[PDB]
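The structure under discussion appears below in the form of structure tokens.
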Amino acid sequence: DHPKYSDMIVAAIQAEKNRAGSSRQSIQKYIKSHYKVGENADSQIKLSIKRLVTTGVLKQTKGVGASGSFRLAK
DNA sequence: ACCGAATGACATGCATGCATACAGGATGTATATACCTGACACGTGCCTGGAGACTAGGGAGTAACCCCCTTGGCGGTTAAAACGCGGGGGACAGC
């Protein structure tokens, strides 16, 4: 029951509205605990952020690459 | 509000990532084989030093006593141990 990775990621940030930006783990724990994702879930989430930040709609407030915190950037 | 055109959602086609098992094939290792001899094993001296027997005289082992200092006990106070806890920052994991 997993649609395209665009949707839960933005939903997860909406769940915990950190103004400083959500740290990489905060999304990772919730979406796997809440929904059901494939055996290689964590790998897909990391590059999901990586491609998502390249699209520019999300802002990494702290850290470099995937290791930091990210923000919806409205 | 259903009918079309259009479009988002749903369902799957397509391509890919990734894992995995293999089989190869290469290399290193173990086997498998002769010869080889420095080198352990006697072997033969050869003597000196360990044993026998000797005396002598002190140090260890006894008894004997003692007293102190160890152990025991015996309240009183109170300083320190025990407990609760609120939390923050140190460990730690991940990229």
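Each chain in the structure tokens gets a letter, A, B, ..., in the order shown, and its residues are numbered from 1; ligands are numbered from 1 in order too.
Residues of chain A having any atom within 8 Å of chain B, counting only C-alpha atoms (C1' of nucleotides), are residues 65, 66 and 67 of chain A.
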- Message: If we count only C-alpha atoms (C1' of nucleotides) and set the cut-off at 12 Å, which residues sit around residue 14 of chain A, ignoring sequence neighbours fewer than 6 positions away in its own chain? Please answer as a ChimeraX atom specification.
- Response: /A:7-8,21-22,26-27,30,71-74
- Message: I need the residues in chain A that are alpha helix (DSSP H) according to DSSP; give them as a ChimeraX atom specification.
- Response: /A:5-15,24-34,41-55
Mind writing the picked residues with C-alpha atoms as a PDB file, in the first residue's frame?
```
ATOM      1  CA  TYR A   5       7.327   8.426  -2.607  1.00  0.00           C
ATOM      2  CA  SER A   6       6.392  12.099  -3.149  1.00  0.00           C
ATOM      3  CA  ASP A   7       3.276  11.830  -1.031  1.00  0.00           C
ATOM      4  CA  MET A   8       4.076  10.247   2.303  1.00  0.00           C
ATOM      5  CA  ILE A   9       7.272  12.288   2.598  1.00  0.00           C
ATOM      6  CA  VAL A  10       5.380  15.594   2.403  1.00  0.00           C
ATOM      7  CA  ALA A  11       2.670  14.089   4.626  1.00  0.00           C
ATOM      8  CA  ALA A  12       5.259  13.070   7.228  1.00  0.00           C
ATOM      9  CA  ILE A  13       6.697  16.591   7.431  1.00  0.00           C
ATOM     10  CA  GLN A  14       3.160  17.932   7.808  1.00  0.00           C
ATOM     11  CA  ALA A  15       2.673  15.584  10.772  1.00  0.00           C
ATOM     12  CA  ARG A  24      16.431  12.758   8.194  1.00  0.00           C
ATOM     13  CA  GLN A  25      15.485  10.212  10.858  1.00  0.00           C
ATOM     14  CA  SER A  26      12.151  11.808  11.794  1.00  0.00           C
ATOM     15  CA  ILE A  27      10.624  10.931   8.426  1.00  0.00           C
ATOM     16  CA  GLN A  28      12.416   7.580   8.311  1.00  0.00           C
ATOM     17  CA  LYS A  29      11.005   6.224  11.581  1.00  0.00           C
ATOM     18  CA  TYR A  30       7.420   7.394  11.090  1.00  0.00           C
ATOM     19  CA  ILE A  31       6.681   6.405   7.492  1.00  0.00           C
ATOM     20  CA  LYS A  32       7.976   2.865   7.976  1.00  0.00           C
ATOM     21  CA  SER A  33       6.191   2.532  11.325  1.00  0.00           C
ATOM     22  CA  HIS A  34       2.938   3.905   9.898  1.00  0.00           C
ATOM     23  CA  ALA A  41      12.703   0.726   2.188  1.00  0.00           C
ATOM     24  CA  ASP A  42      15.468   2.740   3.861  1.00  0.00           C
ATOM     25  CA  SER A  43      17.526   2.811   0.663  1.00  0.00           C
ATOM     26  CA  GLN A  44      14.609   4.196  -1.339  1.00  0.00           C
ATOM     27  CA  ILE A  45      13.876   6.897   1.261  1.00  0.00           C
ATOM     28  CA  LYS A  46      17.441   8.232   1.269  1.00  0.00           C
ATOM     29  CA  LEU A  47      17.601   8.781  -2.487  1.00  0.00           C
ATOM     30  CA  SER A  48      13.957   9.880  -2.323  1.00  0.00           C
ATOM     31  CA  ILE A  49      15.179  12.853  -0.305  1.00  0.00           C
ATOM     32  CA  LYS A  50      18.144  13.117  -2.669  1.00  0.00           C
ATOM     33  CA  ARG A  51      15.928  13.401  -5.742  1.00  0.00           C
ATOM     34  CA  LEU A  52      13.359  15.449  -3.812  1.00  0.00           C
ATOM     35  CA  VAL A  53      15.900  18.083  -2.780  1.00  0.00           C
ATOM     36  CA  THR A  54      17.121  18.267  -6.387  1.00  0.00           C
ATOM     37  CA  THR A  55      13.564  19.100  -7.462  1.00  0.00           C
TER      38      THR A  55
END
```
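Counting from atom CA of residue 38 of chain A, the distance to atom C1' of residue 13 of chain B is 19.6 Å.
Backbone DSSP over segment 4-74 of chain A yields strand (DSSP E) at residues 22, 23, 59, 60, 61, 62, 69, 70 and 71 of chain A.
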- Note on the structure: Expressed in Å, the length from atom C1' of residue 11 of chain B to atom CA of residue 35 of chain A is 20.1 Å
